[PDB]
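The next block holds one structure in the form of structure tokens; read it before the comments.
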Amino acid sequence: XXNXX
Amino acid sequence: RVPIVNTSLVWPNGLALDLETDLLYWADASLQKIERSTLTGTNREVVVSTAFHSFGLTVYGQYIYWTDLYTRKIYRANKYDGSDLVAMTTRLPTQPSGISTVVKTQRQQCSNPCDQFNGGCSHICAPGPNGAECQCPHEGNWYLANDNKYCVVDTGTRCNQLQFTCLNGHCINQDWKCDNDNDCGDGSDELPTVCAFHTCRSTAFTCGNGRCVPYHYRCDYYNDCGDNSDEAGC
Amino acid sequence: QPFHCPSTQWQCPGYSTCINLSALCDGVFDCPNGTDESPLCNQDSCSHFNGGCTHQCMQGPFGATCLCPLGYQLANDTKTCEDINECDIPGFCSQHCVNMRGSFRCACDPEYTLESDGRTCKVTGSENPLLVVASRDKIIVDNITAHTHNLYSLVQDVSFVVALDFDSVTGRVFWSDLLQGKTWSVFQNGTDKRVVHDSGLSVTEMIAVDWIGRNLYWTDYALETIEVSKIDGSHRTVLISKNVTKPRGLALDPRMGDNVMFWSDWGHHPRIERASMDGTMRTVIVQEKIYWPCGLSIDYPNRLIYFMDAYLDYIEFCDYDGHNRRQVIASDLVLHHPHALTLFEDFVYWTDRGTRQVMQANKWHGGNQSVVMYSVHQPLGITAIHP
Amino acid sequence: XXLXXX
Ligand SMILES: *[C@@H]1O[C@H](CO)[C@@H](O[C@@H]2O[C@H](CO)[C@@H](O[C@@H]3O[C@H](CO)[C@@H](O)[C@H](O)[C@@H]3O)[C@H](O)[C@H]2NC(C)=O)[C@H](O)[C@H]1NC(C)=O
Ligand SMILES: *[C@@H]1O[C@H](CO)[C@@H](O[C@@H]2O[C@H](CO)[C@@H](O)[C@H](O)[C@H]2NC(C)=O)[C@H](O)[C@H]1NC(C)=O
Ligand SMILES: *[C@@H]1O[C@H](CO)[C@@H](O[C@@H]2O[C@H](CO)[C@@H](O)[C@H](O)[C@H]2NC(C)=O)[C@H](O)[C@H]1NC(C)=O
Ligand SMILES: *[C@@H]1O[C@H](CO)[C@@H](O[C@@H]2O[C@H](CO)[C@@H](O)[C@H](O)[C@H]2NC(C)=O)[C@H](O)[C@H]1NC(C)=O
Ligand SMILES: *[C@@H]1O[C@H](CO)[C@@H](O[C@@H]2O[C@H](CO)[C@@H](O)[C@H](O)[C@H]2NC(C)=O)[C@H](O)[C@H]1NC(C)=O
Ligand SMILES: *[C@@H]1O[C@H](CO)[C@@H](O)[C@H](O)[C@H]1NC(C)=O
Ligand SMILES: *[C@H]1O[C@H](CO)[C@H](O)[C@H](O)[C@H]1NC(C)=O
Ligand SMILES: [Ca+2]
Ligand SMILES: [Ca+2]
Ligand SMILES: [Ca+2]
Ligand SMILES: [Ca+2]
Ligand SMILES: [Ca+2]
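Protein chains in written order, with the authors' numbering: chain L, 1 to 5; chain A, 2543 to 2776; chain B, 1309 to 1695; chain C, 1 to 6.
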């Protein structure tokens, strides 16, 4: 997915 | 600035360092594994073969703790081989991010060269592998003049090795430093930072306060040594 | 040479300082760490009747040291050499490990041939194995041709396949359809889809054919029975019914020496049960540290029953009596909800309903983990077609 | 995933 916080 | 491990990392969210054994740990979110290696990155190994979307990582004692974004838990495993894998928390209401240990015992301590006259740097210094490394602030354009000890404005007027660079950009000749004469005007060439490591020409005379004067400035027309040591002991 | 102590003066480890040679175990710490007063000092030289060592001997600066040949190890007190029991470490020898005085002997079943190393053996046949898995809509068979995996469907009219097994005598593939409530059979070439059980099935979990006695065993979750029938499905009877709550797993050992059956039940008080086929000699073999047991398979050369767990998330094996229980994959996040199990040579294959993948790994230690294929739906059944 | 295949 997204490697965000 | 050099790369340590750079072959197959994708999404290295976590990084940890174990001072007890000097091994480096990191975690990958896409590869979903936690790897260890030496500080040089030679003895690379895999500690945990499946760690999901790990974000934070921290090693204390015999275990490595990491938070997982996918399954909102905190896990642990043995730092050497990844055994004893258990979940510290239930599924948290939100995704945990970041992790650290609170340790009361003082960690490894070493003598900071910056603790002595700011290490000779002008504004900001940090202890390097061999000695204190000077640095310049984030605002303004600067360059490491004067043996990388002085941060001076980067106007492009680079000046000769036969000269001493001031904080004002003026380059008096290098013999004028630390003679208790404010040749800089603002006293930059006379600050205690440089005089603690400077030294007096062999063809000059050394003052008690660290200043340097030619011999014809002793017991002479006027006092210019700063502690009356030129006029004393003729 | 660069600055160090290149002369005979005894240099302490890591330091730029060297000391006199008389310092060794003389009573006063001379090196910064006291290496002269070494923990291995005050041991008699090898002139003291070989220093008591049972093999070759050393009498270096640090007291004395006993050494042993290959296949041997030191005792705790370094008094004598001791043999390594190479068969006591699982997976060291693929089949039938035998321990010698300082070495090991190995052999494999008549279907296997030993390799250059005397530990590993491979199948003697010239035919590669086939891996058959049960996706919801289709049956997927993997041509295992030197890791050149090639997916293709086996049968087309499948709607919901759960169980899978094969008959080597006739070369057919058996499966049960959950939506149709039928058991089918086909040739490995996808031809001759004939029915065997057309009614009397509600939720058939796994199917295990008896290739020696020409029988067919299966477990039905809704009926809570273990049933047996002829290989063509003619004569059906209920085999096990007393305390059978939620039977899932099923494995068979039709070899006349064993003639034994195993099944798994995940009701209250879950357990793995062992009984002789015809259900006379019934006993429980595994009931400790078990919760949602799922899937069974038998290592025929070693007579080990491999079993899996969906709640505790492990893969284990044990003897036919339940003893020598061991873990191959435990405390590992790779397992989420494994369902079915399959063995071949030294590899173990299982289907995971959580990750929707069928995976592989060393059937002894659980390493060398890899992915076999990704399935759109949950892969339920799995079996390996090979003589 | 619930264990009941049905
Ligand atoms: C798919 O495989 C099946 C099973 O092999 C094939 O069906 C039949 O298989 C037999 C195997 O022996 C073939 O050989 C025949 O055996 C009889 C035994 O008495 C023998 O008398 C015959 O002379 C012959 O050797 C048999 O030919 C074959 N049946 C057919 C229709 O040819 C089936 O053919 C295979 N289908 C495909 C897609 O090739
Ligand atoms: C990954 O890291 C290695 C160093 O560990 C890099 O290898 C160096 O590459 C430079 C050129 O970029 C050479 O001048 C060095 O001699 C190389 N060092 C060695 C030991 O080979 C490698 O280029 C890096 N690769 C990437 C993709 O950054
Ligand atoms: C699938 O596996 C089968 C069985 O091993 C392979 O069939 C043989 O393959 C070899 C090598 O190509 C041929 O020389 C033989 O003639 C084949 N025999 C038969 C009965 O067909 C087949 O090639 C494999 N197919 C794929 C896609 O790998
Ligand atoms: C089926 O279940 C019952 C209940 O667990 C079994 O009865 C128990 O059997 C043990 C001996 O193995 C006794 O020690 C218990 O006292 C019994 N409990 C009760 C409540 O009766 C019974 O043996 C099982 N029967 C079969 C055919 O396996
Ligand atoms: C995965 O398979 C590889 C071989 O494909 C294994 O590699 C061996 O690892 C052991 C232990 O480090 C070494 O002693 C051998 O020299 C290795 N052999 C080869 C051919 O690489 C490896 O053991 C397997 N997985 C594990 C348990 O690490
Ligand atoms: C050897 O010593 C260790 C540590 O005391 C002990 O744990 C181990 O059981 C001993 N092994 C044998 C074979 O005596
Ligand atoms: C003083 O002497 C020290 C040691 O030799 C350094 O050379 C230093 O650079 C000297 N000072 C000057 C004039 O640069
Ligand atoms: Ca001056
Ligand atoms: Ca003067
Ligand atoms: Ca000593
Ligand atoms: Ca031995
Ligand atoms: Ca689970």
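Beta carbons are placed, not taken as given, at the ideal position from N, Cα and C, and that holds for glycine.
query, result
"Neighbour flag for B:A1471 against chain C, beta carbons, 7 Å", "no"
"Heavy atom of ligand 8 within 6 Å of A:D2689 beta-carbon", "no"
"Selection from A:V2588, A:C2713 and A:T2636 that minimises the alpha carbon distance to A:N2620", "A:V2588"
"Test: B:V1642 CB closer than 7 Å to a CB of chain A", "yes"
"Contact list for the segment 1506-1524 of chain B against chain C, Cβ threshold 9 Å", "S1510, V1511 and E1513"
"Residue burial classification, B:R1556 (beta-carbon count within 10 angstroms, cutoff 16)", "buried"
"Burial state of B:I1397, where buried means 16 or more other Cβ atoms lie within 10 Å", "exposed"
"Closer than 6 Å: B:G1379 CB and nearest ligand 11 heavy atom", "yes"
"C-beta contact flag for B:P1601 and B:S1639 at 7 Å", "no"
"Residues passing the C-beta test against ligand 11 heavy atoms, cut-off 7 Å", "B:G1379, B:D1391, B:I1392, B:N1393, B:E1394, B:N1407, B:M1408, B:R1409, B:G1410, B:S1411 and B:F1412"
"Distance CB(B:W1519)-CB(B:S1476) smaller than 7 Å", "yes"
"Whether B:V1511 touches B:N1523 by CB criterion (7 Å)", "no"
"Distance cut-off 6 Å: B:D1338 Cβ against heavy atoms of ligand 10", "yes"
"Distance CB(B:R1582)-CB(B:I1593) smaller than 7 Å", "yes"
"Inter-residue Cα distance where the pair is B:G1541 and B:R1579", "29 Å"
"Beta-carbon proximity of A:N2751 to A:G2768, cut-off 7 Å", "yes"
"Neighbour-count burial assignment, B:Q1686, 16 or more Cβ in a 10 Å radius", "buried"
"Cβ neighbours of B:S1549 in the same chain (closer than 7 Å, five flanking residues each side left out)", "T1533"
"Residue range of the unbroken beta strand (DSSP E) whose run includes A:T2735", "From DSSP, A:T2735 is part of no beta strand (DSSP E) but of the alpha helix (DSSP H) over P2734 to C2737."
"Beta carbon proximity, A:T2609 to chain B, threshold 7 Å", "no"
"Sheet register partners of A:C2676 (DSSP bridge)", "A:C2667"
"Separation of B:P1321 from B:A1648, as counted between CA atoms", "56 Å"
"Near ligand 2: B:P1347 beta-carbon under 6 Å from a heavy atom", "no"
"Sequence-distant residues of its chain with Cβ nearer than 7 Å to A:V2755 (five each side left out)", "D2721, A2746, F2747, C2749, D2766, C2767 and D2772"
"Proximity test, B:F1495 beta-carbon vs ligand 1 heavy atom, cut-off 6 Å", "yes"
"heavy atom of ligand 4 below 6 Å from B:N1632 C-beta", "no"
"Chain C within 7 Å of B:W1600, Cβ atoms only", "yes"
"The segment 2589-2599 of chain A / the segment 2545-2558 of chain A touching (three or more Cβ pairs under 8 Å)", "yes"
"Alpha-carbon to alpha-carbon, B:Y1599 and B:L1620", "6 Å"
"B:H1645 Cβ short of 6 Å to ligand 12 heavy atom set", "yes"
"Where B:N1551 sits in the DSSP three-state scheme", "coil"
"Cβ-based neighbour list, A:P2655, same chain, cut-off 7 Å, excluding 5 preceding and 5 following", "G2661, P2669, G2673 and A2674"
"Nearest residue (CA-CA) to A:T2647, options A:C2713, A:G2603 and A:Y2622", "A:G2603"
"Option nearest B:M1569 by Cα separation, candidates B:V1494, B:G1674, B:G1587 and B:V1441", "B:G1587"
"B:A1648: first and last residue of the uninterrupted beta strand (DSSP E) it sits in", "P1646 to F1652"
"Bounding residues of the alpha helix (DSSP H) (the contiguous stretch that carries A:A2687)", "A2687 to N2690"
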